[PDB]
Structures are given as C-alpha cells and as structure tokens.
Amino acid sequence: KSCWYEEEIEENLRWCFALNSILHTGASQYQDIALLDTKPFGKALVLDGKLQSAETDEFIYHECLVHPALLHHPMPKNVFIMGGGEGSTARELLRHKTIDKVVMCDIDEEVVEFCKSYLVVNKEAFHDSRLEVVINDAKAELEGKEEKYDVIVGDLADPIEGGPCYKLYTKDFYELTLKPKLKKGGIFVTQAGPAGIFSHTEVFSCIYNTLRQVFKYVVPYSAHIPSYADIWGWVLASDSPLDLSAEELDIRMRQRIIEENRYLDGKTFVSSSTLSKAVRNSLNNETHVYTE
C-alpha cells in the first residue's frame, strides 16, 4: 500500500496505518489538528501527531471513560468534562437519563469547531440543550466558578512536562481545585494513559497513586484500544465507595442509559477492573506522586 500515517509511540516503537485521505489539517496556538481517513480505523483525529480518537474504536474509550463513573453514582445530574472537544465523551454522558447538564470545557475552540463539523457521530450530542460548551483551560474554569458537580471527567491528554495538561493531574490540582468542586457523593474519573504490562509505569501507576493521596476510594481499570496500540487505563476516584457487582451494573445500565452499550456490560467492567498480577502489584507499590 502506498500512503501511510506513521506514529512514534515510544522512541523504539513505530505504528503505521494505511491512509485513504488527509481530510482536514488545521492548527491552533495549542496544537496541530488533523483528520485522516485511515484504512484500519476509519476517520481519525490526530493532535500534535498523536492519534486521539478513531472512528472504529472510540466507542470503547468513551464507554469506558464515562459509564462506570455515572453508574456508581446514585443519581448523577450535572457533569464537568476537562477537555471533551472531540465530543464523544459528551455523547456518551448525554445517553444517561438522569443527566440534565454537561459542561464541555476544552482549551481549543478549533478542535471543537473541527469535530463539531467533521465527527458526524457526535451531531446529536453537540446540539443537545443540556450541553454547554466552554472554551477555557479547565483548571482556570474550575477555580473561577462556584458550581459543584456530581461527576467530573478528565478527558485530557496524558501528563507530559511543559504541556497544557500536566497541571491537571497534580495532587495540588486535585486537592485544591477539583475536589472542592465535587458535590457530596461526587465521583471523579480521568483517562490515565497506557496500561500495558510494561507501559503502565509511564503515567498510569503515577496517576493512580496521585489520586490515592487525595481520595478515599480509587479504582483503576483498563481495556484494549486497537487504534492506541495499547491497553489503556482510567481511574475512578471518590470519597464515597465504588462497589457494584456486574449484575447491579447491568440493572443500572438498562434503567438509566438510552439504547444498548456496544462494548461495556457489567461483566466487562468487572474484567476491566481486575488488573493482571503484575500490574496490580506494580500499582500497589507505586510511590511517585504528581506535584508542583
């Protein structure tokens, strides 16, 4: 095949996908933006040269990010997303019947406009009256406003030094900006980077341990995302408990979410939060904490 997008995932690992076209290439002051039409994963959003969403498997990422957090809440009504410009986290949140307000707070208007325009899947979401789009740094936005939320969702890029996301994974940020803005019984969830057998030590274990230092209950979980070329991680965090069985998750899904989930049922969530021996022990032994 002639045409390829190439991504260096580590300094010694490259991942190449065959291309149909290069649909749109924008840029803002924040990052490079690109929509590719790829053979293996369909349409793909690439930010600063990292694939961040692919048409074929974004559903897995977005179901996993969103649904566990809301299903463990007794009655989630309002939710604040840090990031979300791609719009699929909002789509999945808006599937919940209890939800009356979703704030998408992304720093990059152009990403939003771009995806608002070209990720057709998210059109019903982007137009729902419950969605409020806010163009800001989520950290500034959070400390600015007094509104408190049932659920806060971190749908940011991994914490990389000198980037616009690193701040929002520090113990400082959690303790003093995020957690004050959680209602009673509030639940936080953040995307947490690679969660492979070896790749999980880069950011996942540290995000987990950083949250461990702020919240009473912390639940790491993971699932394969083919377009990310790895197992990916999320962490639920709360000062209230987080224990539903699979059966109780399935009941809650059937009652509270419109239409059928495609990836996530209760058993899948139970498998997801049962990390492997080595990962589970690695996380437990982690002592690094993100800080100022």
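Basically, rigid core = biggest C-alpha set you can superpose within 1.5 Å across the two forms. Throughout, we count residues from 1 along the sequence that is shown.
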Outlying stretch relative to shown form, 236-244 versus 27-35 in 5 other deposited structures of this protein, C-alpha RMS (core): 27-35
61-69 or 41-49, the stretch lying farther from the shown form in 5 other deposited structures of this protein by root mean square CA distance over structures and residues, after core fitting, is 41-49
Averaging only over Cα atoms, indicate whether 45-53 or 221-229 has the higher B-factor in the PDB entry. 45-53
Mean C-alpha B-factor higher for 137-145, or for 182-190? 137-145
I'd like to know which of 99, 152, 176, 207 has the highest C-alpha temperature factor in the PDB entry. 176
Among 235, 35, 251, 64, which residue carries the highest C-alpha B-factor recorded in the PDB entry? 251
Ranked against its chain, the third holding the CA B-factor of residue 266: middle
Can you tell me which third, lowest, middle or highest, the CA B-factor of residue 79 falls into for its chain? lowest
Quick one: classify residue 92 as lowest, middle or highest third of the chain based on its Cα B-factor. lowest
Temperature factor at the Cα of residue 9, chain-ranked in thirds, falls in the highest
Taking the values exactly as deposited, rank residue 162 by C-alpha B-factor within its chain and report the matching third: lowest, middle or highest. highest
